[PDB]
Protein chains: 2
Amino acid sequence: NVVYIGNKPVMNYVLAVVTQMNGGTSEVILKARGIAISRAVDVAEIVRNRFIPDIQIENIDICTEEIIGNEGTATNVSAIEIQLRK
Amino acid sequence: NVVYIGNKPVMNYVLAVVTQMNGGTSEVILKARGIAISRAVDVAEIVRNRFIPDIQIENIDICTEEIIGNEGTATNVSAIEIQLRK
């Protein structure tokens, strides 16, 4: 389950998800922070639109998390969680 | 009561939202496509965390919109919808 979207190409994450669900896994949750947020929405839509029609988007949550940014100091980021179920 | 979120500074949008919701309008829909998706979630979080603690996130939808270029070029863009309510 749980697939963290980062700075790798969207397709890499799309392939991760798909492999997992073709392999039998029923649920994956996409997690992303900040700028990767739009890329997580991208992974969800591509997987549904091109690979696993059937896939249900169960529940989407957003929150705020705290991380230490590139400058060395604490900072708050938006985050998203997308529950995929086949 | 629908706000389109693009590439303007985040606070521009936050302003528009808060003003509206404090001055009556009890429901508002955030909408964005592509990378603005990130800005859109930020706006929501900044509102719910900094300005109107009470606010409720009614519903988040995602989908793919298709747009046509001047020349005929069809593009699939990811898109999001965030319903807020006080």
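We name chains A, B, ... by the order of the sequence lines, and we start the count at 1 in each one. Both backbone and side-chain heavy atoms feed into the values below; hydrogens, waters and symmetry mates do not.
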Joint cluster assignment, A/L15 & A/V17, ILVMFWY side-chain distance < 4.5 Å:
no

Is there side-chain contact between B/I35 and A/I35, with at least one heavy-atom pair below 4.5 Å?
yes

Engaged part of B/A44 at the chain A interface, taking heavy atoms whose separation is under 4.5 Å
side chain

Can B/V77 be reached from B/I37 by stepping across I, L, V, M, F, W or Y side chains whose heavy atoms are under 4.5 Å apart?
no

Pair A/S78-B/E45, side-chain donor/acceptor within less than 3.5 Å
no

Please classify the contact of B/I46 with chain A as side chain, backbone, both or neither, using a heavy-atom distance under 4.5 Å.
neither

Which atom pair, heavy atoms only, marks the closest approach of A/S38 to B/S38?
N-OG, 3.4 Å

Flag yes if B/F51 and B/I55 sit in one hydrophobic cluster, no otherwise; membership is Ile, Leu, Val, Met, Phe, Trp, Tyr, and two members link when side-chain heavy atoms are under 4.5 Å apart.
yes

At a 4.5 Å cut-off on heavy atoms, which part of B/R39 comes close to chain A: side chain, backbone, both, or neither?
neither

Using a cut-off of under 4.5 Å on heavy-atom pairs, state which of A/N49, A/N59, A/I62, A/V41 scores highest against chain B.
A/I62

Do B/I29 and B/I57 sit in one hydrophobic cluster, given that two such residues count as connected whenever their side-chain heavy atoms are within less than 4.5 Å of each other, even indirectly?
no

Engaged part of B/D42 at the chain A interface, taking heavy atoms whose separation is under 4.5 Å
both

Would one find more than 12 heavy atoms of other residues, nucleotides or ligands at under 6.0 Å from atom OH of B/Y4?
no

Can you tell which of A/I60, A/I80, A/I82 has the highest number of heavy-atom pairs within less than 4.5 Å of chain B?
A/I60

